[PDB]
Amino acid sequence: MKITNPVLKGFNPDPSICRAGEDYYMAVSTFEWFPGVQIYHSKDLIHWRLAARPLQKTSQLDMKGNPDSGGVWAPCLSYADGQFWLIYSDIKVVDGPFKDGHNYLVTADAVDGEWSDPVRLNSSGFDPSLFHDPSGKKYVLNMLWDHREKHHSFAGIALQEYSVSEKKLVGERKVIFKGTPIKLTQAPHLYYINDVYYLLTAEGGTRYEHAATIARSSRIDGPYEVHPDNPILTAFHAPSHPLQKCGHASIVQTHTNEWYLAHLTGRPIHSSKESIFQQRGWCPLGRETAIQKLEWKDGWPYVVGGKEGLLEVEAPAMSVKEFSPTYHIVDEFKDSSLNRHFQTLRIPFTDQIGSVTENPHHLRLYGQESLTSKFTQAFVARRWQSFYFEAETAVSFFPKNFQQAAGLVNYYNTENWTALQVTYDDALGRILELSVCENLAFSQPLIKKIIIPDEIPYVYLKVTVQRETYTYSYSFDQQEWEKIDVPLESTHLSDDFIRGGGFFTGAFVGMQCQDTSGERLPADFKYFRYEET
């Protein structure tokens, strides 16, 4: 009867909420993880099921070589004229003065149906949004990226008409809003409400200064006046609040004439050696999606409970409906294709990297490139979505040289991961090795190599995650586990720990095989258990 935030747990940022009659959908960004964009469905705003992942083919999304946290940034999902519209980006440069990336449009009739081939829109900035103006005309909003040395990089909100018949942006482009002193003006969404235009934006950047700003105007092109108690959403001032980084919002008006606001947020683990006011913490689950309720006064919306958001939010006047779980707690790969919660890095899942059919009821992975490669990785993984869980798998892998390895991986990006892999030692045979990579600093800490007897058909591998730490354990028969006494830090796989300009995903766990010799040696995984506790 209450909305319990985050409604989308783990890596699920930049929520774009829309209503198709009485059905509610939210699209979230996926960056380098393939297939692109996740769409969730809900009938009550409390329970959400993973319904679709539109960008399924390289003709829609080609991300081989994309930088970490490049690819699909904030998307925009809308419904109008009997079809869904998805505006998405493919960001190619995430560091330095430029942010080279391109905005595209695909359409579909059903969210889980077949999506069109993309139409080129523009490249002038990220967070593109498609606004269906009451007049029938259509408009694309985005932030304007300004590379010039002396200018703040977030130059404001651009507006330009989209011609449906010509399938291109037309007319003149106009900057309609420059933002507030919070700056980093971002995430524009336009709304026609009571004959006036409301421009919702994000400001402050997506770390702990994040905020949602709103302004209004009589004309679509402004000038816009800013909310008198702006920002309407932020946790910048409340470091102990359990919801942090609260911004990048979208508004929905329900079919019950109620008002709600979806936004991203982070749930940080804290230091204890440090003050939370100075060290705001680390978010291994990345940026998650939460929903707040809005109330109106004098033509201005307000977040009920205050600007920081609540964990428990007043659900709308609608019939509750839960959904069946969309993954197996223990997946034995008996299904025809990979479950919808598994994703690959950058490229589609094809025989290049593995198969679910070649060895039935197994996931076969052909050894390809290492975990530091932005190109071709034989790696299938799924999100951390709880601070407390166990993941476990069983691998048949018989490597012949030290350049072959396969096993269980916990992963943030190409420079930040840990891996417990079956590999080969030329003087010891098959061994089990722990490899740790922290901002490209690589170590293999076990001084005592773990030998695997030759006739063990399956090495059982398991990770136990307990909030701020996690540990690996292994078994040669499943009913007898041995724990590796190296406590790994969960905070080292978080938005707030990794270096670089792209820090936008979250921790993953999955099965991986690599063969840097060229032989493409396969690794057979009998099952994958993901059990939150």
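Each residue number is its position in the shown sequence, starting from 1.
The question of which stretch, 77-85 or 94-102, has the higher mean Cα B factor is settled in favour of 77-85. Comparing 128-136 with 146-154, the higher mean C-alpha B-factor in the PDB entry belongs to 128-136.
As recorded in the PDB entry, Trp481 shows the highest C-alpha B-factor of the residues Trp481, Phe31, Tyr40, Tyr470. When the C-alpha B-factors of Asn359, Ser443, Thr206, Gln403 are ranked from the entry, the top spot goes to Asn359. When the modelled residues of the chain are ordered by their C-alpha B factor, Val196 lands in the highest third. Placement of the Cα temperature factor of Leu233 within the chain: middle third of the modelled residues, per the deposited record. The deposited CA B-factor of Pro13 belongs to the lowest third of values across its chain. Looking at the C-alpha B-factors along this chain, the one for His227 belongs to the middle third.
Ranked by C-alpha B-factor against the other modelled residues of its chain, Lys245 falls in the lowest third.
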